[PDB]
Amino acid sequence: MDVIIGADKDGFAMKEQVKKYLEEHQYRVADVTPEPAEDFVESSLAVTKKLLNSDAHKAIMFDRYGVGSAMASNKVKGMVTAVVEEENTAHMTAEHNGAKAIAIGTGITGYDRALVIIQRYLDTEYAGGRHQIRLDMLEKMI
């Protein structure tokens, strides 16, 4: 499975740890920010571009609060980014939403919890069906 990752200065440290984790678990990782991005807008948009152009359908954005990377990337047409800070949304956003990416706030979520959130997100497939109407609506928006 492919996973796109990116981060600004505040999320870089965790991004590096997660990258190691992903490689250890046989994931093909595409890091769009080998060096920390100027800010979360740059990193989140870099992740969005790489994702929407790649065949990957999973991505992780790292910054201080998560909120920013999601706020910025969701402005992109067709993109769906979920800020995740607990274990239920970790899988529900994948199951119900397009969850093309999740955003983790390094100042909000501890590492051990982030890994559980990440693994649940990666292990969950989109359910489609009735949920597609909402995704069609979102992709229609700017």
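We number the residues from 1 along the sequence you see.
As the entry records it, the average C-alpha temperature factor is higher for 53-61, out of 53-61 and 80-88. Per-stretch averaging of Cα B factors for 23-31 and 98-106 places 23-31 on top.
Among all modelled residues in this chain, the alpha-carbon of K9 has a temperature factor (C-alpha) in the highest third. The PDB entry assigns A114 a C-alpha temperature factor belonging to the lowest third of its chain's modelled residues.
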